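Student: For reference, this is my_file23.cif, and it has mmCIF, C-alpha atoms and all ligand atoms.
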data_final
loop_
_atom_site.group_PDB
_atom_site.id
_atom_site.type_symbol
_atom_site.label_atom_id
_atom_site.label_comp_id
_atom_site.auth_asym_id
_atom_site.auth_seq_id
_atom_site.Cartn_x
_atom_site.Cartn_y
_atom_site.Cartn_z
ATOM 1 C CA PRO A 1 9.485 -11.161 -12.431
ATOM 2 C CA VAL A 2 9.424 -7.390 -13.017
ATOM 3 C CA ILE A 3 5.998 -5.877 -12.248
ATOM 4 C CA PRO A 4 5.315 -2.541 -13.952
ATOM 5 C CA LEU A 5 3.482 0.031 -11.833
ATOM 6 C CA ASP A 6 0.304 1.428 -13.373
ATOM 7 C CA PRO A 7 -2.447 3.423 -11.599
ATOM 8 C CA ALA A 8 -5.140 1.721 -13.766
ATOM 9 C CA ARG A 9 -3.863 -1.805 -13.137
ATOM 10 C CA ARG A 10 -3.366 -3.181 -9.619
ATOM 11 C CA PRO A 11 -0.178 -5.243 -9.373
ATOM 12 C CA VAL A 12 -1.401 -8.689 -8.338
ATOM 13 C CA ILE A 13 -0.067 -12.165 -8.012
ATOM 14 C CA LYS A 14 -1.544 -15.627 -7.630
ATOM 15 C CA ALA A 15 -0.389 -17.073 -4.325
ATOM 16 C CA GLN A 16 -0.971 -20.434 -2.766
ATOM 17 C CA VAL A 17 -1.732 -19.816 0.924
ATOM 18 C CA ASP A 18 -1.803 -22.475 3.593
ATOM 19 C CA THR A 19 -3.260 -21.130 6.864
ATOM 20 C CA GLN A 20 -2.579 -24.580 8.405
ATOM 21 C CA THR A 21 -6.251 -24.850 9.408
ATOM 22 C CA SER A 22 -7.585 -25.828 5.965
ATOM 23 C CA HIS A 23 -6.388 -27.225 2.641
ATOM 24 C CA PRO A 24 -4.072 -24.640 0.980
ATOM 25 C CA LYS A 25 -5.837 -22.396 -1.529
ATOM 26 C CA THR A 26 -4.538 -20.234 -4.374
ATOM 27 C CA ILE A 27 -5.780 -16.659 -4.336
ATOM 28 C CA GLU A 28 -5.127 -13.445 -6.194
ATOM 29 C CA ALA A 29 -3.274 -10.987 -3.900
ATOM 30 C CA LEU A 30 -2.359 -7.379 -4.221
ATOM 31 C CA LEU A 31 1.367 -6.654 -3.998
ATOM 32 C CA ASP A 32 1.700 -3.865 -1.507
ATOM 33 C CA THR A 33 4.932 -2.182 -0.435
ATOM 34 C CA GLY A 34 2.768 0.006 1.764
ATOM 35 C CA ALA A 35 1.516 -2.891 3.945
ATOM 36 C CA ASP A 36 3.616 -3.724 7.115
ATOM 37 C CA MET A 37 1.989 -7.166 7.094
ATOM 38 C CA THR A 38 0.176 -9.552 4.855
ATOM 39 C CA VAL A 39 -3.635 -9.822 4.901
ATOM 40 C CA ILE A 40 -5.430 -13.123 4.335
ATOM 41 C CA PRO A 41 -9.233 -13.401 3.796
ATOM 42 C CA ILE A 42 -11.085 -15.110 6.702
ATOM 43 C CA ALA A 43 -12.575 -17.488 4.157
ATOM 44 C CA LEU A 44 -9.347 -19.476 3.854
ATOM 45 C CA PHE A 45 -9.579 -20.479 7.524
ATOM 46 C CA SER A 46 -11.763 -23.190 9.043
ATOM 47 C CA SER A 47 -14.829 -22.018 10.989
ATOM 48 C CA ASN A 48 -13.570 -22.690 14.513
ATOM 49 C CA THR A 49 -9.961 -21.426 14.539
ATOM 50 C CA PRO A 50 -8.700 -19.184 17.380
ATOM 51 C CA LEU A 51 -7.740 -15.708 16.095
ATOM 52 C CA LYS A 52 -6.595 -12.738 18.200
ATOM 53 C CA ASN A 53 -8.203 -9.290 18.366
ATOM 54 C CA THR A 54 -6.114 -6.574 16.893
ATOM 55 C CA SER A 55 -6.089 -2.917 16.042
ATOM 56 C CA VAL A 56 -5.273 -1.775 12.522
ATOM 57 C CA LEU A 57 -4.645 1.704 11.089
ATOM 58 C CA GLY A 58 -5.529 2.145 7.425
ATOM 59 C CA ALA A 59 -6.278 5.160 5.221
ATOM 60 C CA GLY A 60 -9.999 4.826 6.035
ATOM 61 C CA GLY A 61 -9.196 4.945 9.720
ATOM 62 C CA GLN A 62 -8.307 2.940 12.795
ATOM 63 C CA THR A 63 -10.248 -0.271 13.353
ATOM 64 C CA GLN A 64 -10.456 -2.639 16.299
ATOM 65 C CA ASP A 65 -12.953 -4.991 14.568
ATOM 66 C CA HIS A 66 -12.298 -5.632 10.836
ATOM 67 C CA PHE A 67 -9.029 -7.537 11.251
ATOM 68 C CA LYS A 68 -7.901 -10.464 13.404
ATOM 69 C CA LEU A 69 -4.391 -11.883 13.867
ATOM 70 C CA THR A 70 -3.537 -15.534 13.049
ATOM 71 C CA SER A 71 -2.523 -18.004 15.801
ATOM 72 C CA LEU A 72 -0.417 -20.310 13.602
ATOM 73 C CA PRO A 73 2.089 -19.252 10.950
ATOM 74 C CA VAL A 74 0.787 -18.893 7.377
ATOM 75 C CA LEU A 75 2.847 -20.483 4.554
ATOM 76 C CA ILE A 76 2.742 -18.785 1.124
ATOM 77 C CA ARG A 77 3.979 -20.216 -2.130
ATOM 78 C CA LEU A 78 4.692 -17.917 -5.019
ATOM 79 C CA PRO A 79 4.398 -18.990 -8.655
ATOM 80 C CA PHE A 80 8.105 -18.605 -9.485
ATOM 81 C CA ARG A 81 9.892 -19.956 -6.373
ATOM 82 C CA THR A 82 9.561 -23.435 -4.797
ATOM 83 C CA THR A 83 10.416 -22.533 -1.166
ATOM 84 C CA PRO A 84 7.461 -21.332 0.948
ATOM 85 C CA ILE A 85 7.340 -17.888 2.608
ATOM 86 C CA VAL A 86 6.663 -18.519 6.305
ATOM 87 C CA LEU A 87 4.911 -15.681 8.075
ATOM 88 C CA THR A 88 4.992 -16.169 11.877
ATOM 89 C CA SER A 89 1.771 -14.179 11.929
ATOM 90 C CA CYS A 90 -0.265 -11.903 9.777
ATOM 91 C CA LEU A 91 -3.637 -10.233 9.548
ATOM 92 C CA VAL A 92 -7.016 -11.803 8.715
ATOM 93 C CA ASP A 93 -9.793 -9.818 6.966
ATOM 94 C CA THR A 94 -12.978 -10.822 8.734
ATOM 95 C CA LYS A 95 -14.966 -8.325 6.725
ATOM 96 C CA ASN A 96 -14.077 -7.401 3.127
ATOM 97 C CA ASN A 97 -12.417 -10.554 1.583
ATOM 98 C CA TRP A 98 -9.050 -8.728 1.054
ATOM 99 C CA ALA A 99 -5.833 -10.595 0.057
ATOM 100 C CA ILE A 100 -2.647 -8.483 0.394
ATOM 101 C CA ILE A 101 0.954 -9.491 0.155
ATOM 102 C CA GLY A 102 2.832 -7.026 2.436
ATOM 103 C CA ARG A 103 6.512 -6.298 3.218
ATOM 104 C CA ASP A 104 6.781 -9.289 5.595
ATOM 105 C CA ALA A 105 6.301 -11.630 2.617
ATOM 106 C CA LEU A 106 8.162 -9.358 0.173
ATOM 107 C CA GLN A 107 11.208 -9.355 2.393
ATOM 108 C CA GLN A 108 11.299 -13.162 2.270
ATOM 109 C CA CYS A 109 11.116 -13.450 -1.493
ATOM 110 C CA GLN A 110 13.725 -10.662 -1.669
ATOM 111 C CA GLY A 111 11.322 -8.298 -3.482
ATOM 112 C CA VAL A 112 12.584 -4.789 -4.196
ATOM 113 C CA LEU A 113 11.310 -1.521 -5.589
ATOM 114 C CA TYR A 114 13.405 -0.089 -8.453
ATOM 115 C CA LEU A 115 13.191 3.621 -9.281
ATOM 116 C CA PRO A 116 15.456 4.209 -12.282
ATOM 117 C CA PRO B 1 17.787 3.513 -6.625
ATOM 118 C CA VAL B 2 17.042 -0.049 -5.649
ATOM 119 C CA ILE B 3 14.844 0.015 -2.536
ATOM 120 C CA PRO B 4 14.720 -3.156 -0.394
ATOM 121 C CA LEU B 5 11.553 -4.111 1.482
ATOM 122 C CA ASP B 6 11.443 -4.839 5.201
ATOM 123 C CA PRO B 7 8.333 -5.141 7.400
ATOM 124 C CA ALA B 8 10.052 -3.171 10.194
ATOM 125 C CA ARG B 9 11.060 -0.168 8.004
ATOM 126 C CA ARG B 10 8.667 1.822 5.771
ATOM 127 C CA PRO B 11 10.100 2.372 2.252
ATOM 128 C CA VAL B 12 10.282 6.185 2.132
ATOM 129 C CA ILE B 13 11.858 8.928 0.044
ATOM 130 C CA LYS B 14 12.196 12.657 0.331
ATOM 131 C CA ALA B 15 10.399 14.523 -2.460
ATOM 132 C CA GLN B 16 9.759 18.139 -3.190
ATOM 133 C CA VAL B 17 6.035 18.714 -3.635
ATOM 134 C CA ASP B 18 4.637 21.765 -5.310
ATOM 135 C CA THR B 19 0.875 22.130 -4.876
ATOM 136 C CA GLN B 20 1.103 25.393 -6.947
ATOM 137 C CA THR B 21 -0.770 27.116 -4.066
ATOM 138 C CA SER B 22 2.427 28.068 -2.191
ATOM 139 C CA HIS B 23 6.082 27.298 -2.587
ATOM 140 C CA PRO B 24 7.576 23.790 -3.060
ATOM 141 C CA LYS B 25 8.085 21.898 0.198
ATOM 142 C CA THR B 26 9.979 18.825 1.247
ATOM 143 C CA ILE B 27 8.062 15.794 2.393
ATOM 144 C CA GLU B 28 9.012 12.241 3.324
ATOM 145 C CA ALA B 29 6.632 9.946 1.495
ATOM 146 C CA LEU B 30 5.750 6.241 1.735
ATOM 147 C CA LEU B 31 6.440 4.295 -1.500
ATOM 148 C CA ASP B 32 3.172 2.380 -1.820
ATOM 149 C CA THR B 33 2.474 0.028 -4.735
ATOM 150 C CA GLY B 34 -0.985 -0.649 -3.202
ATOM 151 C CA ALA B 35 -2.074 2.983 -3.720
ATOM 152 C CA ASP B 36 -3.963 3.789 -6.959
ATOM 153 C CA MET B 37 -3.350 7.503 -6.336
ATOM 154 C CA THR B 38 -0.792 9.672 -4.470
ATOM 155 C CA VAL B 39 -1.673 11.206 -1.064
ATOM 156 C CA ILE B 40 -0.239 14.514 0.163
ATOM 157 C CA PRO B 41 -0.903 16.240 3.545
ATOM 158 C CA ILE B 42 -3.445 19.047 3.901
ATOM 159 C CA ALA B 43 -0.629 20.826 5.851
ATOM 160 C CA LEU B 44 0.904 21.756 2.450
ATOM 161 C CA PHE B 45 -2.085 23.972 1.638
ATOM 162 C CA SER B 46 -3.092 27.313 3.065
ATOM 163 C CA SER B 47 -6.095 27.472 5.312
ATOM 164 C CA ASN B 48 -8.471 28.411 2.387
ATOM 165 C CA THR B 49 -7.707 26.462 -0.844
ATOM 166 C CA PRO B 50 -10.634 24.931 -2.649
ATOM 167 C CA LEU B 51 -10.641 21.140 -2.416
ATOM 168 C CA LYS B 52 -13.369 18.774 -3.634
ATOM 169 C CA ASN B 53 -14.756 16.075 -1.377
ATOM 170 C CA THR B 54 -13.943 12.519 -2.524
ATOM 171 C CA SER B 55 -14.607 8.948 -1.364
ATOM 172 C CA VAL B 56 -11.714 6.580 -0.935
ATOM 173 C CA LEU B 57 -11.457 2.870 -0.069
ATOM 174 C CA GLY B 58 -8.801 2.055 2.555
ATOM 175 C CA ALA B 59 -8.095 -0.656 5.144
ATOM 176 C CA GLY B 60 -10.402 1.067 7.608
ATOM 177 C CA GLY B 61 -12.986 0.706 4.814
ATOM 178 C CA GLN B 62 -14.817 3.398 2.851
ATOM 179 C CA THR B 63 -13.929 6.862 4.055
ATOM 180 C CA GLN B 64 -15.572 9.935 2.682
ATOM 181 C CA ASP B 65 -14.528 12.581 5.223
ATOM 182 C CA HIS B 66 -10.781 11.893 5.305
ATOM 183 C CA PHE B 67 -9.464 12.756 1.829
ATOM 184 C CA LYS B 68 -9.994 15.601 -0.562
ATOM 185 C CA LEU B 69 -8.877 15.964 -4.189
ATOM 186 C CA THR B 70 -6.595 18.773 -5.326
ATOM 187 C CA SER B 71 -8.047 21.234 -7.841
ATOM 188 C CA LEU B 72 -4.730 21.879 -9.567
ATOM 189 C CA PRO B 73 -2.067 19.435 -10.755
ATOM 190 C CA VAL B 74 0.694 18.623 -8.242
ATOM 191 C CA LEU B 75 4.348 18.615 -9.265
ATOM 192 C CA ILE B 76 6.753 16.259 -7.505
ATOM 193 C CA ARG B 77 10.520 16.360 -7.748
ATOM 194 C CA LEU B 78 12.359 13.279 -6.597
ATOM 195 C CA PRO B 79 16.004 13.500 -5.411
ATOM 196 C CA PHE B 80 17.339 11.369 -8.347
ATOM 197 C CA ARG B 81 15.652 13.008 -11.394
ATOM 198 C CA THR B 82 15.590 16.591 -12.699
ATOM 199 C CA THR B 83 12.203 16.422 -14.423
ATOM 200 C CA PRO B 84 9.215 16.690 -12.052
ATOM 201 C CA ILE B 85 6.395 14.159 -12.031
ATOM 202 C CA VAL B 86 3.169 16.027 -12.780
ATOM 203 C CA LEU B 87 -0.017 14.513 -11.352
ATOM 204 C CA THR B 88 -3.234 15.796 -12.824
ATOM 205 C CA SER B 89 -4.762 15.417 -9.391
ATOM 206 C CA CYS B 90 -4.125 13.620 -6.179
ATOM 207 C CA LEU B 91 -5.642 12.875 -2.813
ATOM 208 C CA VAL B 92 -5.143 15.215 0.124
ATOM 209 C CA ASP B 93 -5.157 13.694 3.606
ATOM 210 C CA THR B 94 -6.960 16.124 5.904
ATOM 211 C CA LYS B 95 -6.900 13.860 8.946
ATOM 212 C CA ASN B 96 -3.421 12.363 9.419
ATOM 213 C CA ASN B 97 -1.396 14.415 6.950
ATOM 214 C CA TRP B 98 0.146 11.314 5.378
ATOM 215 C CA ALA B 99 2.415 11.453 2.394
ATOM 216 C CA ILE B 100 2.128 8.412 0.075
ATOM 217 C CA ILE B 101 3.623 8.083 -3.375
ATOM 218 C CA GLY B 102 1.213 5.829 -5.290
ATOM 219 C CA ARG B 103 1.188 4.155 -8.702
ATOM 220 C CA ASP B 104 0.205 7.297 -10.623
ATOM 221 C CA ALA B 105 3.548 8.808 -9.606
ATOM 222 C CA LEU B 106 5.499 5.534 -9.776
ATOM 223 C CA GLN B 107 4.410 5.031 -13.433
ATOM 224 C CA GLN B 108 5.701 8.484 -14.394
ATOM 225 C CA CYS B 109 9.178 7.597 -13.047
ATOM 226 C CA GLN B 110 9.079 4.143 -14.581
ATOM 227 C CA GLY B 111 9.015 2.462 -11.129
ATOM 228 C CA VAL B 112 8.810 -1.331 -11.018
ATOM 229 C CA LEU B 113 8.419 -4.073 -8.462
ATOM 230 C CA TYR B 114 11.004 -6.856 -8.945
ATOM 231 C CA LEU B 115 10.616 -10.281 -7.389
ATOM 232 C CA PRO B 116 13.587 -12.577 -8.168
HETATM 233 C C1 LIG C 201 -11.983 3.789 -6.520
HETATM 234 O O1 LIG C 201 -10.675 4.470 -6.093
HETATM 235 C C2 LIG C 201 -10.097 3.760 -4.870
HETATM 236 O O2 LIG C 201 -10.948 3.504 -3.746
HETATM 237 N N1 LIG C 201 -8.684 3.339 -4.838
HETATM 238 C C3 LIG C 201 -8.329 2.646 -3.591
HETATM 239 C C4 LIG C 201 -6.873 2.854 -3.127
HETATM 240 O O3 LIG C 201 -5.927 2.768 -3.870
HETATM 241 N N2 LIG C 201 -6.705 3.082 -1.698
HETATM 242 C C5 LIG C 201 -5.340 3.262 -1.214
HETATM 243 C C6 LIG C 201 -5.037 2.315 -0.032
HETATM 244 O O4 LIG C 201 -5.460 2.448 1.077
HETATM 245 N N3 LIG C 201 -4.149 1.242 -0.399
HETATM 246 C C7 LIG C 201 -3.657 0.325 0.597
HETATM 247 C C8 LIG C 201 -4.008 -1.124 0.264
HETATM 248 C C9 LIG C 201 -5.543 -1.183 0.374
HETATM 249 C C10 LIG C 201 -6.425 -0.873 -0.842
HETATM 250 C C11 LIG C 201 -7.958 -0.929 -0.707
HETATM 251 C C12 LIG C 201 -8.599 -1.294 0.645
HETATM 252 C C13 LIG C 201 -7.700 -1.609 1.857
HETATM 253 C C14 LIG C 201 -6.172 -1.539 1.718
HETATM 254 C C15 LIG C 201 -2.151 0.709 0.673
HETATM 255 O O5 LIG C 201 -1.328 0.100 -0.264
HETATM 256 C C16 LIG C 201 -1.626 0.388 2.082
HETATM 257 O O6 LIG C 201 -1.191 -0.678 2.356
HETATM 258 N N4 LIG C 201 -1.678 1.400 3.114
HETATM 259 C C17 LIG C 201 -2.211 2.834 3.011
HETATM 260 S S1 LIG C 201 -2.300 3.423 4.592
HETATM 261 C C18 LIG C 201 -1.101 2.381 5.367
HETATM 262 C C19 LIG C 201 -1.377 2.251 6.872
HETATM 263 C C20 LIG C 201 0.307 2.953 5.138
HETATM 264 C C21 LIG C 201 -1.211 1.035 4.576
HETATM 265 C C22 LIG C 201 -2.296 0.088 5.151
HETATM 266 O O7 LIG C 201 -3.456 0.186 4.832
HETATM 267 N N5 LIG C 201 -1.883 -0.918 6.123
HETATM 268 C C23 LIG C 201 -2.903 -1.789 6.696
HETATM 269 C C24 LIG C 201 -2.838 -3.224 6.139
HETATM 270 C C25 LIG C 201 -1.488 -3.891 6.468
HETATM 271 C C26 LIG C 201 -4.008 -3.980 6.813
HETATM 272 C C27 LIG C 201 -3.034 -3.249 4.600
HETATM 273 C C28 LIG C 201 -5.094 4.790 -0.894
HETATM 274 C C29 LIG C 201 -6.255 5.424 -0.105
HETATM 275 C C30 LIG C 201 -3.774 4.949 -0.107
HETATM 276 C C31 LIG C 201 -4.934 5.574 -2.217
HETATM 277 C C32 LIG C 201 -8.472 1.117 -3.873
HETATM 278 C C33 LIG C 201 -9.859 0.491 -4.121
HETATM 279 C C34 LIG C 201 -9.995 -1.026 -4.386
HETATM 280 C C35 LIG C 201 -8.757 -1.952 -4.400
HETATM 281 C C36 LIG C 201 -7.353 -1.338 -4.162
HETATM 282 C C37 LIG C 201 -7.236 0.181 -3.900
#
I'd like the structure from this file rewritten - as structure tokens, please.

Tutor:
Amino acid sequence: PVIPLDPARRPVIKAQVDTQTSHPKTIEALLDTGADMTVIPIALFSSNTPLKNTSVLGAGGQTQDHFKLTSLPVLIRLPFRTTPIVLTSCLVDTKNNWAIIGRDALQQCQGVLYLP
Amino acid sequence: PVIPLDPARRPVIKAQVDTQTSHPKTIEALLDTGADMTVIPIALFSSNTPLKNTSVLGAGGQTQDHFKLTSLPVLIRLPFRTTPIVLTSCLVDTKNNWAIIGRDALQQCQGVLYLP
């Protein structure tokens, strides 16, 4: 679908995410052309799973602690299309429960920006 | 234009930004549907403008040193339209001098996200 862009309303989508360490869960994610990679909340992962340290630069600053990197690919199913997005890896929010669909996922569902 | 999305290339455009505190200047800005508000570099402003402190939530978390708010509206001319976008205020990055076109500006140019 076409998602209008509105400062007062964050463009979001329901996405079924399977981290392959837990039953797949559907979450609300922000659609974010400004994110190099997708961010999944740590909650969707089972307690014990190996995750890699990683450094992330955001607007608030550079962090070595807040985010981890997955070890297994994450599969994402969008409401409209039946084929899953397969992300070889993406980020995990250990801290603030964030869910962000970045350009890695947007590329695979052939998302575009349109500026008339 | 239609702008494709690719994890390995930031979606950017050249814009002319007028802060009304000196002459209009060209910047290359990130098109960012995850940004509630536009971000322009402090480098645009002279060494003694007055800018209000502001708190912002980013990926590095809550920052309250990094961004200021303009005191005057900012006018933005995009290559493909004659009428400038006029933002009542936007964020000013004093740390990294980032340029990010957010949803406030995208709404004014009727920007949309399209997922097939
Ligand atoms: C109350 O006023 C606000 O705090 N607005 C915030 C905002 O828009 N922050 C933007 C922001 O950082 N948005 C980002 C998404 C985001 C929103 C809130 C917390 C964390 C992340 C942005 O689309 C992005 O990907 N950016 C901006 S900077 C960047 C490096 C180019 C890239 C990035 O962070 N990449 C890192 C990853 C891949 C982890 C997202 C600004 C500072 C650029 C205006 C906000 C507050 C709650 C939910 C959503 C947004």

Student: Provide as a ChimeraX atom specification the residues of chain A at most 6 Å from chain B, counting all atoms listed in the file.

Tutor: /A:1-7,32-34,36,58-63,103-104,107,111-115

Student: Pick the closest to ligand LIG 201 (chain C) from B:24, B:29, B:82, B:45: which is it, counting all atoms listed in the file?

Tutor: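 With all atoms listed in the file as the atom set, the closest residue is B:29.
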
Student: Cα RMSD of chain B on chain A, all Cα atoms paired in order, least-squares fit?

Tutor: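 C-alpha RMSD after least-squares superposition: 0.4 Å.
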
Student: For the atom pair atom CA of residue B:15 and atom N3 of ligand LIG 201 (chain C), what is the interatomic distance in Å to one decimal place?

Tutor: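 These atoms are spaced 19.8 Å apart.
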
Student: Taking only C-alpha atoms and all ligand atoms into account, which of A:91, A:44, A:51, A:13 comes nearest ligand LIG 201 (chain C)?

Tutor: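 Distance minimum relative to ligand LIG 201 (chain C) lands on A:91.
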
Student: Might you pull out every residue within 7 Å of residue A:52, with only C-alpha atoms counted and same-chain residues fewer than 4 positions away left off, and present them as a list in words?

Tutor: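 So the residues in contact are residues 68, 69 and 70 of chain A.
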
Student: Record the distance separating atom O2 of ligand LIG 201 (chain C) and atom CA of residue B:75, expressed in Å with one decimal.

Tutor: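 Result for atom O2 of ligand LIG 201 (chain C) versus atom CA of residue B:75: 22.2 Å, one decimal.
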
Student: As JSON, what would the box around ligand LIG 201 (chain C) look like: edges along x, y and z, 8 Å added on every side, centre and edge lengths in Å to one decimal?

Tutor:
{"center_x": -5.8, "center_y": 0.8, "center_z": 0.2, "size_x": 28.3, "size_y": 25.6, "size_z": 29.4}

Student: What is the atom CA of residue B:84-atom CA of residue B:49 distance in Å, reported with one decimal?

Tutor: 22.5 Å

Student: I'd like to know which of B:99, B:76, B:50, B:85 is closest to ligand LIG 201 (chain C), using all atoms listed in the file.

Tutor: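 Nearest to ligand LIG 201 (chain C): B:99.
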
Student: Quick one: stretch 75-97 of chain B with N, CA and C atoms, as a PDB file, keeping the file's coordinate frame?

Tutor:
ATOM      1  N   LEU B  75       3.051  18.965  -8.706  1.00  0.00           N
ATOM      2  CA  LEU B  75       4.348  18.615  -9.265  1.00  0.00           C
ATOM      3  C   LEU B  75       5.232  18.047  -8.185  1.00  0.00           C
ATOM      4  N   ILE B  76       5.927  16.965  -8.493  1.00  0.00           N
ATOM      5  CA  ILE B  76       6.753  16.259  -7.505  1.00  0.00           C
ATOM      6  C   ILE B  76       8.145  16.026  -8.051  1.00  0.00           C
ATOM      7  N   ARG B  77       9.137  16.479  -7.307  1.00  0.00           N
ATOM      8  CA  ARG B  77      10.520  16.360  -7.748  1.00  0.00           C
ATOM      9  C   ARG B  77      11.091  15.366  -6.785  1.00  0.00           C
ATOM     10  N   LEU B  78      11.682  14.324  -7.353  1.00  0.00           N
ATOM     11  CA  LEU B  78      12.359  13.279  -6.597  1.00  0.00           C
ATOM     12  C   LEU B  78      13.851  13.550  -6.590  1.00  0.00           C
ATOM     13  N   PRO B  79      14.575  13.118  -5.529  1.00  0.00           N
ATOM     14  CA  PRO B  79      16.004  13.500  -5.411  1.00  0.00           C
ATOM     15  C   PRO B  79      16.868  13.123  -6.634  1.00  0.00           C
ATOM     16  N   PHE B  80      16.545  11.997  -7.274  1.00  0.00           N
ATOM     17  CA  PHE B  80      17.339  11.369  -8.347  1.00  0.00           C
ATOM     18  C   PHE B  80      16.867  11.601  -9.796  1.00  0.00           C
ATOM     19  N   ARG B  81      15.994  12.580 -10.025  1.00  0.00           N
ATOM     20  CA  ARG B  81      15.652  13.008 -11.394  1.00  0.00           C
ATOM     21  C   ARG B  81      15.289  14.483 -11.471  1.00  0.00           C
ATOM     22  N   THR B  82      15.749  15.137 -12.536  1.00  0.00           N
ATOM     23  CA  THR B  82      15.590  16.591 -12.699  1.00  0.00           C
ATOM     24  C   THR B  82      14.183  17.008 -13.129  1.00  0.00           C
ATOM     25  N   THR B  83      13.546  16.170 -13.930  1.00  0.00           N
ATOM     26  CA  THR B  83      12.203  16.422 -14.423  1.00  0.00           C
ATOM     27  C   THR B  83      11.184  16.077 -13.337  1.00  0.00           C
ATOM     28  N   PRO B  84      10.239  16.996 -13.049  1.00  0.00           N
ATOM     29  CA  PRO B  84       9.215  16.690 -12.052  1.00  0.00           C
ATOM     30  C   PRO B  84       8.171  15.737 -12.609  1.00  0.00           C
ATOM     31  N   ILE B  85       7.518  15.012 -11.714  1.00  0.00           N
ATOM     32  CA  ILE B  85       6.395  14.159 -12.031  1.00  0.00           C
ATOM     33  C   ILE B  85       5.263  15.165 -11.929  1.00  0.00           C
ATOM     34  N   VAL B  86       4.311  15.096 -12.855  1.00  0.00           N
ATOM     35  CA  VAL B  86       3.169  16.027 -12.780  1.00  0.00           C
ATOM     36  C   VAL B  86       1.911  15.184 -12.685  1.00  0.00           C
ATOM     37  N   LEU B  87       1.157  15.341 -11.615  1.00  0.00           N
ATOM     38  CA  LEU B  87      -0.017  14.513 -11.352  1.00  0.00           C
ATOM     39  C   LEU B  87      -1.196  15.396 -11.614  1.00  0.00           C
ATOM     40  N   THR B  88      -2.106  14.959 -12.475  1.00  0.00           N
ATOM     41  CA  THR B  88      -3.234  15.796 -12.824  1.00  0.00           C
ATOM     42  C   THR B  88      -4.057  16.114 -11.594  1.00  0.00           C
ATOM     43  N   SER B  89      -4.137  15.151 -10.676  1.00  0.00           N
ATOM     44  CA  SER B  89      -4.762  15.417  -9.391  1.00  0.00           C
ATOM     45  C   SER B  89      -4.289  14.367  -8.419  1.00  0.00           C
ATOM     46  N   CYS B  90      -4.264  14.707  -7.141  1.00  0.00           N
ATOM     47  CA  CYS B  90      -4.125  13.620  -6.179  1.00  0.00           C
ATOM     48  C   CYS B  90      -4.943  13.838  -4.940  1.00  0.00           C
ATOM     49  N   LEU B  91      -4.881  12.840  -4.056  1.00  0.00           N
ATOM     50  CA  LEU B  91      -5.642  12.875  -2.813  1.00  0.00           C
ATOM     51  C   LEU B  91      -4.894  13.722  -1.817  1.00  0.00           C
ATOM     52  N   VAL B  92      -5.658  14.343  -0.942  1.00  0.00           N
ATOM     53  CA  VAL B  92      -5.143  15.215   0.124  1.00  0.00           C
ATOM     54  C   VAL B  92      -5.657  14.676   1.452  1.00  0.00           C
ATOM     55  N   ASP B  93      -4.742  14.229   2.300  1.00  0.00           N
ATOM     56  CA  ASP B  93      -5.157  13.694   3.606  1.00  0.00           C
ATOM     57  C   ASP B  93      -5.409  14.830   4.592  1.00  0.00           C
ATOM     58  N   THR B  94      -6.663  15.037   4.967  1.00  0.00           N
ATOM     59  CA  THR B  94      -6.960  16.124   5.904  1.00  0.00           C
ATOM     60  C   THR B  94      -6.918  15.669   7.374  1.00  0.00           C
ATOM     61  N   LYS B  95      -6.816  14.372   7.596  1.00  0.00           N
ATOM     62  CA  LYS B  95      -6.900  13.860   8.946  1.00  0.00           C
ATOM     63  C   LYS B  95      -5.500  13.652   9.527  1.00  0.00           C
ATOM     64  N   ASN B  96      -4.741  12.759   8.915  1.00  0.00           N
ATOM     65  CA  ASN B  96      -3.421  12.363   9.419  1.00  0.00           C
ATOM     66  C   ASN B  96      -2.224  12.956   8.688  1.00  0.00           C
ATOM     67  N   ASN B  97      -2.479  13.730   7.633  1.00  0.00           N
ATOM     68  CA  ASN B  97      -1.396  14.415   6.950  1.00  0.00           C
ATOM     69  C   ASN B  97      -0.315  13.440   6.477  1.00  0.00           C
TER      70      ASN B  97
END
